[PDB]
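K.L.:
Provided herewith: target_34.pdb, PDB, C-alpha atoms.
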```pdb
MODEL        1
ATOM      1  CA  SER A   1      -6.962  95.392  83.561
ATOM      2  CA  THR A   2      -6.185  98.661  81.809
ATOM      3  CA  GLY A   3      -4.342 101.891  82.509
ATOM      4  CA  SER A   4      -4.588 105.391  81.088
ATOM      5  CA  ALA A   5      -2.202 108.268  81.791
ATOM      6  CA  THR A   6      -1.773 111.736  80.361
ATOM      7  CA  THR A   7       1.608 112.600  78.862
ATOM      8  CA  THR A   8       2.691 116.248  78.770
ATOM      9  CA  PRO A   9       5.393 118.046  76.733
ATOM     10  CA  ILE A  10       8.324 119.171  78.861
ATOM     11  CA  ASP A  11       8.704 122.487  77.005
ATOM     12  CA  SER A  12       7.232 124.632  74.230
ATOM     13  CA  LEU A  13       9.042 122.632  71.517
ATOM     14  CA  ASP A  14       7.787 119.154  72.490
ATOM     15  CA  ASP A  15      11.398 118.110  73.111
ATOM     16  CA  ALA A  16      10.096 115.190  75.166
ATOM     17  CA  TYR A  17       6.988 114.104  77.055
ATOM     18  CA  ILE A  18       6.594 113.203  80.735
ATOM     19  CA  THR A  19       4.024 110.878  82.268
ATOM     20  CA  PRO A  20       3.409 110.561  86.020
ATOM     21  CA  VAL A  21       4.255 107.150  87.492
ATOM     22  CA  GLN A  22       3.567 105.945  91.033
ATOM     23  CA  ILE A  23       6.423 103.967  92.604
ATOM     24  CA  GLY A  24       6.425 102.320  96.014
ATOM     25  CA  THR A  25       4.249 102.326  99.107
ATOM     26  CA  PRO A  26       3.155 104.949  99.956
ATOM     27  CA  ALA A  27       3.283 106.098  96.365
ATOM     28  CA  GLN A  28       6.132 108.314  95.217
ATOM     29  CA  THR A  29       5.110 110.015  91.977
ATOM     30  CA  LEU A  30       7.873 110.645  89.457
ATOM     31  CA  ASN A  31       7.492 112.107  85.969
ATOM     32  CA  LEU A  32       9.071 109.643  83.551
ATOM     33  CA  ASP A  33       9.916 109.780  79.851
ATOM     34  CA  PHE A  34       8.139 106.806  78.260
ATOM     35  CA  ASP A  35      10.620 105.490  75.701
ATOM     36  CA  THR A  36       9.596 102.875  73.109
ATOM     37  CA  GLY A  37      13.256 102.857  72.008
ATOM     38  CA  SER A  38      14.716 101.414  75.219
ATOM     39  CA  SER A  39      13.876  98.833  77.838
ATOM     40  CA  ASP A  40      15.020 100.085  81.274
ATOM     41  CA  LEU A  41      12.830 101.765  83.872
ATOM     42  CA  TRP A  42      15.333 103.949  85.723
ATOM     43  CA  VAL A  43      14.875 106.844  88.123
ATOM     44  CA  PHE A  44      16.693 109.632  89.850
ATOM     45  CA  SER A  45      16.948 108.461  93.436
ATOM     46  CA  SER A  46      18.296 108.984  96.926
ATOM     47  CA  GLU A  47      21.380 107.117  95.642
ATOM     48  CA  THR A  48      22.105 109.519  92.768
ATOM     49  CA  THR A  49      25.355 111.487  93.143
ATOM     50  CA  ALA A  50      24.184 114.711  94.758
ATOM     51  CA  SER A  51      26.018 117.003  92.329
ATOM     52  CA  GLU A  52      24.168 115.286  89.450
ATOM     53  CA  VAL A  53      20.678 116.077  90.800
ATOM     54  CA  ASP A  54      19.312 119.538  89.895
ATOM     55  CA  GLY A  55      15.577 119.829  90.515
ATOM     56  CA  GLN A  56      14.395 116.295  89.722
ATOM     57  CA  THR A  57      12.071 114.402  92.008
ATOM     58  CA  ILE A  58      13.846 111.381  93.470
ATOM     59  CA  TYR A  59      12.732 107.884  94.391
ATOM     60  CA  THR A  60      13.783 106.981  97.936
ATOM     61  CA  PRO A  61      13.532 103.183  98.291
ATOM     62  CA  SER A  62      14.093 103.290 102.055
ATOM     63  CA  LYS A  63      10.749 105.093 102.390
ATOM     64  CA  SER A  64       8.846 102.405 100.461
ATOM     65  CA  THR A  65       7.591  99.448 102.481
ATOM     66  CA  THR A  66       7.373  97.364  99.282
ATOM     67  CA  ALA A  67      10.884  98.102  97.947
ATOM     68  CA  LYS A  68      13.424  95.286  98.002
ATOM     69  CA  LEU A  69      17.024  95.425  96.840
ATOM     70  CA  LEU A  70      17.581  93.120  93.870
ATOM     71  CA  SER A  71      20.793  91.796  95.317
ATOM     72  CA  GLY A  72      23.814  91.948  93.033
ATOM     73  CA  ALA A  73      21.988  93.556  90.116
ATOM     74  CA  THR A  74      23.486  96.546  88.323
ATOM     75  CA  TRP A  75      22.587  98.429  85.171
ATOM     76  CA  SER A  76      24.289 100.789  82.758
ATOM     77  CA  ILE A  77      22.828 102.319  79.622
ATOM     78  CA  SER A  78      23.971 104.643  76.849
ATOM     79  CA  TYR A  79      21.509 106.316  74.509
ATOM     80  CA  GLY A  80      21.785 107.379  70.882
ATOM     81  CA  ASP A  81      22.198 111.027  71.890
ATOM     82  CA  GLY A  82      25.338 110.147  73.877
ATOM     83  CA  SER A  83      23.695 110.427  77.300
ATOM     84  CA  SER A  84      24.017 107.681  79.892
ATOM     85  CA  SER A  85      23.148 106.514  83.393
ATOM     86  CA  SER A  86      23.899 103.595  85.699
ATOM     87  CA  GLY A  87      23.250 102.206  89.149
ATOM     88  CA  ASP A  88      21.667  99.382  91.136
ATOM     89  CA  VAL A  89      18.197  97.847  91.196
ATOM     90  CA  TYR A  90      15.179  97.486  93.466
ATOM     91  CA  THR A  91      11.916  95.724  92.901
ATOM     92  CA  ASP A  92       8.811  97.668  93.876
ATOM     93  CA  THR A  93       5.182  98.300  93.002
ATOM     94  CA  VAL A  94       4.769 100.567  89.978
ATOM     95  CA  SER A  95       1.469 101.994  88.742
ATOM     96  CA  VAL A  96       0.744 103.903  85.534
ATOM     97  CA  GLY A  97      -2.661 105.463  85.066
ATOM     98  CA  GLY A  98      -4.330 102.991  87.425
ATOM     99  CA  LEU A  99      -2.528  99.868  86.126
ATOM    100  CA  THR A 100      -0.361  98.258  88.809
ATOM    101  CA  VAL A 101       2.623  95.907  88.456
ATOM    102  CA  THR A 102       4.111  94.342  91.560
ATOM    103  CA  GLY A 103       7.750  93.296  91.567
ATOM    104  CA  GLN A 104       8.776  95.694  88.804
ATOM    105  CA  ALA A 105      12.506  96.292  88.452
ATOM    106  CA  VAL A 106      13.113  99.948  89.336
ATOM    107  CA  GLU A 107      16.657 100.848  88.332
ATOM    108  CA  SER A 108      18.043 103.400  90.775
ATOM    109  CA  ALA A 109      20.579 105.797  89.287
ATOM    110  CA  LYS A 110      23.876 106.242  91.061
ATOM    111  CA  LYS A 111      25.255 108.278  88.156
ATOM    112  CA  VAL A 112      23.631 110.202  85.306
ATOM    113  CA  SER A 113      25.248 112.176  82.500
ATOM    114  CA  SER A 114      25.048 115.938  82.211
ATOM    115  CA  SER A 115      22.075 116.089  79.851
ATOM    116  CA  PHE A 116      19.941 114.307  82.447
ATOM    117  CA  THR A 117      21.107 116.546  85.288
ATOM    118  CA  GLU A 118      20.414 119.609  83.155
ATOM    119  CA  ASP A 119      16.807 118.575  82.456
ATOM    120  CA  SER A 120      14.942 119.178  85.717
ATOM    121  CA  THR A 121      11.618 118.045  84.231
ATOM    122  CA  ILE A 122      12.534 114.383  83.596
ATOM    123  CA  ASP A 123      12.817 112.182  86.702
ATOM    124  CA  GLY A 124      13.780 109.046  84.763
ATOM    125  CA  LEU A 125      12.805 106.848  81.840
ATOM    126  CA  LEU A 126      10.263 104.061  81.432
ATOM    127  CA  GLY A 127      11.357 101.782  78.614
ATOM    128  CA  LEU A 128       8.758 100.200  76.337
ATOM    129  CA  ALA A 129      10.928  98.443  73.735
ATOM    130  CA  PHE A 130      11.431  94.682  73.990
ATOM    131  CA  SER A 131      12.877  93.272  77.194
ATOM    132  CA  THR A 132      15.818  91.729  75.305
ATOM    133  CA  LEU A 133      17.371  95.239  75.399
ATOM    134  CA  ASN A 134      17.139  95.600  79.185
ATOM    135  CA  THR A 135      20.607  96.279  80.625
ATOM    136  CA  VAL A 136      20.277  94.744  84.104
ATOM    137  CA  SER A 137      23.066  92.294  84.880
ATOM    138  CA  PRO A 138      23.478  89.451  85.696
ATOM    139  CA  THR A 139      19.707  88.790  85.511
ATOM    140  CA  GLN A 140      17.984  90.733  82.738
ATOM    141  CA  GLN A 141      14.694  92.318  83.804
ATOM    142  CA  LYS A 142      11.324  92.797  82.111
ATOM    143  CA  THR A 143       9.732  96.078  81.085
ATOM    144  CA  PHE A 144       6.623  97.420  82.757
ATOM    145  CA  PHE A 145       4.595  96.429  79.676
ATOM    146  CA  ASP A 146       6.026  92.905  79.625
ATOM    147  CA  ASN A 147       5.181  92.460  83.313
ATOM    148  CA  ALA A 148       1.668  93.864  82.876
ATOM    149  CA  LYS A 149       0.847  92.113  79.597
ATOM    150  CA  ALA A 150      -0.792  88.958  80.927
ATOM    151  CA  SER A 151      -3.174  90.969  83.124
ATOM    152  CA  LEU A 152      -4.184  93.428  80.403
ATOM    153  CA  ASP A 153      -7.534  93.128  78.658
ATOM    154  CA  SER A 154      -5.599  93.124  75.369
ATOM    155  CA  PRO A 155      -1.771  92.893  75.086
ATOM    156  CA  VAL A 156      -1.300  96.390  73.681
ATOM    157  CA  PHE A 157      -0.378  99.911  74.573
ATOM    158  CA  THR A 158      -1.060 103.063  72.567
ATOM    159  CA  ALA A 159       0.776 106.349  72.154
ATOM    160  CA  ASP A 160      -1.279 109.452  71.357
ATOM    161  CA  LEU A 161       1.208 112.304  71.605
ATOM    162  CA  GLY A 162       0.056 115.899  71.307
ATOM    163  CA  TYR A 163       1.470 118.742  69.241
ATOM    164  CA  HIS A 164       2.179 121.522  71.742
ATOM    165  CA  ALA A 165      -0.438 119.861  73.962
ATOM    166  CA  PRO A 166      -0.891 116.896  76.302
ATOM    167  CA  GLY A 167      -1.708 113.442  75.005
ATOM    168  CA  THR A 168      -2.269 109.929  76.332
ATOM    169  CA  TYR A 169      -0.625 106.562  76.895
ATOM    170  CA  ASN A 170      -3.173 103.754  77.260
ATOM    171  CA  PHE A 171      -2.423 100.183  78.317
ATOM    172  CA  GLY A 172      -4.625  97.216  77.576
ATOM    173  CA  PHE A 173      -7.234  98.788  75.281
ATOM    174  CA  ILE A 174      -7.625 100.799  72.078
ATOM    175  CA  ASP A 175      -9.687 103.993  72.545
ATOM    176  CA  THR A 176     -11.768 104.034  69.363
ATOM    177  CA  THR A 177     -12.721 107.677  70.031
ATOM    178  CA  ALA A 178      -9.084 108.808  69.838
ATOM    179  CA  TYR A 179      -8.507 108.467  66.086
ATOM    180  CA  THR A 180     -10.221 109.002  62.757
ATOM    181  CA  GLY A 181     -10.696 106.437  60.031
ATOM    182  CA  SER A 182      -9.183 102.994  60.520
ATOM    183  CA  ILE A 183      -5.948 101.732  62.051
ATOM    184  CA  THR A 184      -3.495 100.267  59.537
ATOM    185  CA  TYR A 185      -1.320  97.528  61.003
ATOM    186  CA  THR A 186       2.158  96.714  59.731
ATOM    187  CA  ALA A 187       4.711  94.010  60.529
ATOM    188  CA  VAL A 188       7.367  94.414  63.220
ATOM    189  CA  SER A 189      10.809  92.868  63.473
ATOM    190  CA  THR A 190      12.012  92.358  67.031
ATOM    191  CA  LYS A 191      15.481  91.201  65.929
ATOM    192  CA  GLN A 192      17.153  94.402  67.192
ATOM    193  CA  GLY A 193      14.876  94.720  70.234
ATOM    194  CA  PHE A 194      12.966  97.690  68.779
ATOM    195  CA  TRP A 195       9.501  98.328  67.374
ATOM    196  CA  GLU A 196      11.068  98.110  63.920
ATOM    197  CA  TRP A 197       8.865  98.347  60.839
ATOM    198  CA  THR A 198       9.048  99.333  57.162
ATOM    199  CA  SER A 199       7.337 102.449  55.869
ATOM    200  CA  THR A 200       6.115 102.229  52.282
ATOM    201  CA  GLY A 201       7.302 105.672  51.189
ATOM    202  CA  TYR A 202       6.923 109.405  51.509
ATOM    203  CA  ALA A 203       5.734 112.650  49.994
ATOM    204  CA  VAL A 204       6.872 116.240  50.504
ATOM    205  CA  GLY A 205       4.082 118.800  50.732
ATOM    206  CA  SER A 206       1.575 118.402  47.904
ATOM    207  CA  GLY A 207       4.091 116.398  45.872
ATOM    208  CA  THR A 208       3.624 112.924  44.494
ATOM    209  CA  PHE A 209       4.125 109.950  46.765
ATOM    210  CA  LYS A 210       7.403 108.079  46.294
ATOM    211  CA  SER A 211       6.988 104.356  46.891
ATOM    212  CA  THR A 212      10.131 103.126  48.640
ATOM    213  CA  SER A 213      10.766 100.887  51.645
ATOM    214  CA  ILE A 214      12.127 102.725  54.701
ATOM    215  CA  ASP A 215      13.017 100.465  57.625
ATOM    216  CA  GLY A 216      12.959 102.282  60.946
ATOM    217  CA  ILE A 217      11.882 102.241  64.576
ATOM    218  CA  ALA A 218       8.902 103.798  66.337
ATOM    219  CA  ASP A 219      10.668 105.636  69.153
ATOM    220  CA  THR A 220       8.737 107.872  71.534
ATOM    221  CA  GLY A 221      12.019 108.717  73.300
ATOM    222  CA  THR A 222      13.530 110.448  70.263
ATOM    223  CA  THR A 223      12.346 113.992  69.541
ATOM    224  CA  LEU A 224      12.867 114.221  65.770
ATOM    225  CA  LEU A 225      12.294 112.236  62.575
ATOM    226  CA  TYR A 226      15.560 110.741  61.263
ATOM    227  CA  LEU A 227      15.432 109.413  57.700
ATOM    228  CA  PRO A 228      17.838 108.591  54.867
ATOM    229  CA  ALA A 229      19.805 111.504  53.468
ATOM    230  CA  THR A 230      18.075 111.240  50.072
ATOM    231  CA  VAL A 231      14.628 111.683  51.668
ATOM    232  CA  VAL A 232      15.754 114.488  53.969
ATOM    233  CA  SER A 233      17.430 116.370  51.105
ATOM    234  CA  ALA A 234      14.237 116.081  49.033
ATOM    235  CA  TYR A 235      12.265 117.596  51.923
ATOM    236  CA  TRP A 236      14.553 120.555  52.675
ATOM    237  CA  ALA A 237      15.023 121.357  48.981
ATOM    238  CA  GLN A 238      11.428 122.623  49.120
ATOM    239  CA  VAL A 239      12.292 125.255  51.773
ATOM    240  CA  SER A 240      13.992 128.401  50.458
ATOM    241  CA  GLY A 241      17.270 128.977  52.257
ATOM    242  CA  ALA A 242      17.360 125.662  54.082
ATOM    243  CA  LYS A 243      20.756 124.035  54.359
ATOM    244  CA  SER A 244      22.635 121.398  56.284
ATOM    245  CA  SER A 245      24.964 123.043  58.801
ATOM    246  CA  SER A 246      27.878 121.030  60.159
ATOM    247  CA  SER A 247      28.443 123.653  62.864
ATOM    248  CA  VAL A 248      24.849 123.433  64.106
ATOM    249  CA  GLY A 249      24.575 119.682  63.564
ATOM    250  CA  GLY A 250      21.831 119.319  60.980
ATOM    251  CA  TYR A 251      19.420 121.065  58.681
ATOM    252  CA  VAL A 252      18.479 124.632  59.541
ATOM    253  CA  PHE A 253      16.052 126.906  57.770
ATOM    254  CA  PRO A 254      15.038 130.574  57.863
ATOM    255  CA  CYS A 255      12.659 131.159  60.740
ATOM    256  CA  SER A 256      10.580 133.237  58.285
ATOM    257  CA  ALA A 257       9.737 130.127  56.246
ATOM    258  CA  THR A 258       6.441 128.279  56.075
ATOM    259  CA  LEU A 259       7.318 124.594  56.093
ATOM    260  CA  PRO A 260       5.689 121.976  53.856
ATOM    261  CA  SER A 261       4.059 118.902  55.302
ATOM    262  CA  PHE A 262       5.715 115.485  55.171
ATOM    263  CA  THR A 263       3.732 112.306  54.490
ATOM    264  CA  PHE A 264       4.882 108.790  55.352
ATOM    265  CA  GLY A 265       3.358 105.508  54.219
ATOM    266  CA  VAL A 266       1.999 102.746  56.435
ATOM    267  CA  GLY A 267       1.028 100.007  54.034
ATOM    268  CA  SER A 268      -1.454 101.628  51.672
ATOM    269  CA  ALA A 269      -2.308 104.307  54.265
ATOM    270  CA  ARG A 270      -0.694 107.722  54.706
ATOM    271  CA  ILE A 271       0.160 109.767  57.806
ATOM    272  CA  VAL A 272       0.580 113.511  57.218
ATOM    273  CA  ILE A 273       2.938 115.486  59.458
ATOM    274  CA  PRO A 274       1.915 119.176  59.214
ATOM    275  CA  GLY A 275       4.720 121.584  58.408
ATOM    276  CA  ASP A 276       4.440 123.304  61.794
ATOM    277  CA  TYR A 277       5.400 120.050  63.523
ATOM    278  CA  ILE A 278       8.813 120.232  61.770
ATOM    279  CA  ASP A 279       9.735 123.648  63.247
ATOM    280  CA  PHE A 280      12.033 123.340  66.274
ATOM    281  CA  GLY A 281      12.616 127.053  66.613
ATOM    282  CA  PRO A 282      15.700 129.248  66.763
ATOM    283  CA  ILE A 283      19.022 127.442  67.018
ATOM    284  CA  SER A 284      19.942 129.849  69.834
ATOM    285  CA  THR A 285      17.851 132.475  71.565
ATOM    286  CA  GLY A 286      17.076 135.330  69.194
ATOM    287  CA  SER A 287      18.493 133.682  66.079
ATOM    288  CA  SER A 288      16.664 133.839  62.773
ATOM    289  CA  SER A 289      17.994 130.381  61.886
ATOM    290  CA  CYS A 290      15.584 127.657  62.951
ATOM    291  CA  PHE A 291      16.297 123.968  63.568
ATOM    292  CA  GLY A 292      14.550 121.386  61.414
ATOM    293  CA  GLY A 293      12.493 118.505  62.747
ATOM    294  CA  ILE A 294      13.437 116.132  59.919
ATOM    295  CA  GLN A 295      17.121 115.192  59.969
ATOM    296  CA  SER A 296      19.401 112.675  58.302
ATOM    297  CA  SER A 297      19.884 109.264  59.896
ATOM    298  CA  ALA A 298      23.129 108.738  57.965
ATOM    299  CA  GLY A 299      25.292 108.962  61.097
ATOM    300  CA  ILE A 300      22.977 106.860  63.311
ATOM    301  CA  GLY A 301      22.787 103.475  61.598
ATOM    302  CA  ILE A 302      18.979 103.297  61.826
ATOM    303  CA  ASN A 303      16.022 105.402  60.730
ATOM    304  CA  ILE A 304      13.982 106.738  63.654
ATOM    305  CA  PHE A 305      10.286 107.627  63.587
ATOM    306  CA  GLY A 306      10.512 109.866  66.640
ATOM    307  CA  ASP A 307       7.978 112.187  68.211
ATOM    308  CA  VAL A 308       7.736 114.465  65.134
ATOM    309  CA  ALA A 309       6.266 111.538  63.213
ATOM    310  CA  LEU A 310       4.450 109.708  65.999
ATOM    311  CA  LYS A 311       2.555 112.739  67.278
ATOM    312  CA  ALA A 312       0.844 113.015  63.878
ATOM    313  CA  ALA A 313      -0.778 109.603  64.522
ATOM    314  CA  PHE A 314      -2.557 107.377  66.975
ATOM    315  CA  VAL A 315      -0.046 104.535  67.366
ATOM    316  CA  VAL A 316      -0.806 100.992  68.566
ATOM    317  CA  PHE A 317       2.085  98.947  69.964
ATOM    318  CA  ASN A 318       0.611  95.452  69.662
ATOM    319  CA  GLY A 319       2.489  93.048  71.933
ATOM    320  CA  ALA A 320       0.671  89.911  70.856
ATOM    321  CA  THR A 321       2.727  86.765  70.266
ATOM    322  CA  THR A 322       3.594  88.174  66.847
ATOM    323  CA  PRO A 323       3.947  91.915  67.540
ATOM    324  CA  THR A 324       2.691  94.511  65.068
ATOM    325  CA  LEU A 325       2.352  98.307  64.913
ATOM    326  CA  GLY A 326      -0.817 100.186  64.032
ATOM    327  CA  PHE A 327      -1.115 103.764  62.789
ATOM    328  CA  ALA A 328      -4.242 105.884  62.422
ATOM    329  CA  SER A 329      -4.783 109.527  61.587
ATOM    330  CA  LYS A 330      -6.370 111.649  64.304
TER     331      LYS A 330
ENDMDL
END
```
Output the structure of this file as structure tokens.
P.N.:
Amino acid sequence: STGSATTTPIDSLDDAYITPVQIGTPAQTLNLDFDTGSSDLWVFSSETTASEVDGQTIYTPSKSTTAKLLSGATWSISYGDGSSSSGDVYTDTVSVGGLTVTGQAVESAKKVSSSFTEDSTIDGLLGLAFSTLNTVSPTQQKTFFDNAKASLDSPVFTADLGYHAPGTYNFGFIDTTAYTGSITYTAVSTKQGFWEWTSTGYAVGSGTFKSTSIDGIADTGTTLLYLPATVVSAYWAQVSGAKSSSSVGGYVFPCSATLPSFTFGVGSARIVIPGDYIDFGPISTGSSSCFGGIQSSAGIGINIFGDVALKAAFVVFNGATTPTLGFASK
């Protein structure tokens, strides 16, 4: 089998992407944030505290003839941005882009933190990291990809995120029309549960490529590119007036600037992030200070190849027995 679904930016900045997902019988369609940095499929639901729902579409398990309570199971997750959610668990039929999994754990939110409530466009998350990170207790549950894998034509999914435009998540096949050149594959460590790999270096604008190993994760659920402070300083030093602002929480730059590109290495290959992809717009409405799309990872503990980086590439998440990542230009 295969599946193919369009993913759409939630706003004009590409802060996140939503993909429609069918849950239950008859289908209830929710728009989920596909997150290769986590491993829980959780939804706003009829069980979510009413004051914490503000415009989201909810899953109502009592209206699904295929929903079954997973008795005793609870979940609770905290994300790197400080947001969180928790609740109980149902199993139900879940379809993405024509690919159907029966018996998928659908984690129903009883509580969500304010950033989720405040984002009316995201009805939940669909985790695509390794199932060892799934938070369901006492019986850990598998991701949608893990459950689908054996039925897929090939044990892969691909992320093709758009810049200010829709893109595609495919399951089970590699669309050879969706990229240019060849796909360069690179090793993955699953030891932390992430799609963790090592970039071979970087360049700023037209500058020379610096060969240096940068371990990080491919994370569709993180908006920006978070890299070591040395790399980030080298980038922003090429932008007149750019500075790191403790009050804003990262590097800002004059909105009048034209930003240089940023290149990252994948083996001997190179992915170029155009400068425009690094512009996240005014820090507050009407400000002439703009927020940068490349930020330091120093306070995180891990480097994160988020959407800013991934949307410059066609990305293969290869879930074969030894997983690997593939990157192509597009």
K.L.:
Just the residues within 6 Å of stretch 48-51 of chain A, please, counting only C-alpha atoms, with nothing from its chain fewer than 6 positions along; format it as a list in words.
P.N.:
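Once the nearby chain positions are removed, what remains is residues 109, 110 and 111 of chain A.
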K.L.:
Write the residues of the selection above to a file with C-alpha atoms, as a compact mmCIF listing (two decimals), keeping the file's coordinate frame.
P.N.:
```
# COMPACT_ATOMS: atom_id res chain seq x y z
CA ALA A 109 20.58 105.80 89.29
CA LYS A 110 23.88 106.24 91.06
CA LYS A 111 25.26 108.28 88.16
```
K.L.:
Given all atoms listed in the file as the basis, pick out the residue of A:78, A:249, A:330, A:217 nearest to residue A:306.
P.N.:
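Among A:78, A:249, A:330, A:217, it is A:217 that comes nearest to residue A:306.
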K.L.:
So, counting all atoms listed in the file, which residue among A:261, A:108, A:131, A:211 is closest to residue A:190?
P.N.:
A:131
K.L.:
For stretch 139-152 of chain A, please output as number ranges by chain all residues within 10 Å (counting all atoms listed in the file; exclusion window: fewer than 6 positions along the same chain).
P.N.:
A: 1-3, 38-41, 70, 72-75, 89, 94-96, 99-107, 126-133, 171-173, 319-320
K.L.:
Take the PyMOL selection byres ((chain A and resi 92) around 6), apply it to the structure above, and return the hits as a ChimeraX atom specification.
P.N.:
/A:24,66-67,91,93,103-104
K.L.:
Evaluate the PyMOL selection byres ((chain A and resi 213) around 9) on the structure here and hand back the selected residues as a ChimeraX atom specification.
P.N.:
/A:198-201,211-212,214-215
K.L.:
Kindly indicate which residue among A:162, A:55, A:37, A:98 lies nearest to residue A:120, using all atoms listed in the file for the distances.
P.N.:
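Answer, going by the shortest atom-to-atom distance: A:55.
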K.L.:
Using all atoms listed in the file, which residue out of A:264, A:305, A:169, A:197 lies closest to residue A:4?
P.N.:
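The shortest atom-to-atom distance to residue A:4 comes from A:169.
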K.L.:
Take the PyMOL selection byres ((chain A and resi 322) around 10), run it mentally on this structure, and tell me the resulting residues as a PyMOL selection string.
P.N.:
chain A and resi 187-190+318-321+323-324
K.L.:
Tell me, in Å to one decimal, how far atom CA of residue A:250 is from atom CA of residue A:295.
P.N.:
6.3 Å
K.L.:
Applying 7 Å and all atoms listed in the file, which residues near residue A:223 remain after dropping the ones on its own chain fewer than 3 positions away? List them as a list in words.
P.N.:
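Contacts, with the query itself left out: residues 15, 16, 306, 307 and 308 of chain A.
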K.L.:
Find the residue from A:43, A:271, A:112, A:294 that sits nearest to residue A:181; use only C-alpha atoms when measuring.
P.N.:
A:271
K.L.:
Taking into account all atoms listed in the file, which residue in the set A:222, A:135, A:256, A:176 is nearest to residue A:311?
P.N.:
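Of A:222, A:135, A:256, A:176, the one nearest residue A:311, counting all atoms listed in the file, is A:222.
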K.L.:
Interatomic distance between atom CA of residue A:21 and atom CA of residue A:44?
P.N.:
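Straight-line distance from atom CA of residue A:21 to atom CA of residue A:44 works out to 12.9 Å.
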K.L.:
Which neighbours of stretch 5-10 of chain A fall inside 6 Å, counting all atoms listed in the file, when residues of the same chain fewer than 3 positions from it are skipped, and could you give them as a PDB file with C-alpha atoms, keeping the file's coordinate frame?
P.N.:
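In the end it all went to out-v3.pdb:
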```
ATOM      1  CA  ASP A  14       7.787 119.154  72.490  1.00  0.00           C
ATOM      2  CA  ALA A  16      10.096 115.190  75.166  1.00  0.00           C
ATOM      3  CA  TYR A  17       6.988 114.104  77.055  1.00  0.00           C
ATOM      4  CA  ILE A  18       6.594 113.203  80.735  1.00  0.00           C
ATOM      5  CA  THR A  19       4.024 110.878  82.268  1.00  0.00           C
ATOM      6  CA  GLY A  97      -2.661 105.463  85.066  1.00  0.00           C
ATOM      7  CA  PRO A 166      -0.891 116.896  76.302  1.00  0.00           C
ATOM      8  CA  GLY A 167      -1.708 113.442  75.005  1.00  0.00           C
ATOM      9  CA  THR A 168      -2.269 109.929  76.332  1.00  0.00           C
ATOM     10  CA  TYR A 169      -0.625 106.562  76.895  1.00  0.00           C
TER      11      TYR A 169
END
```
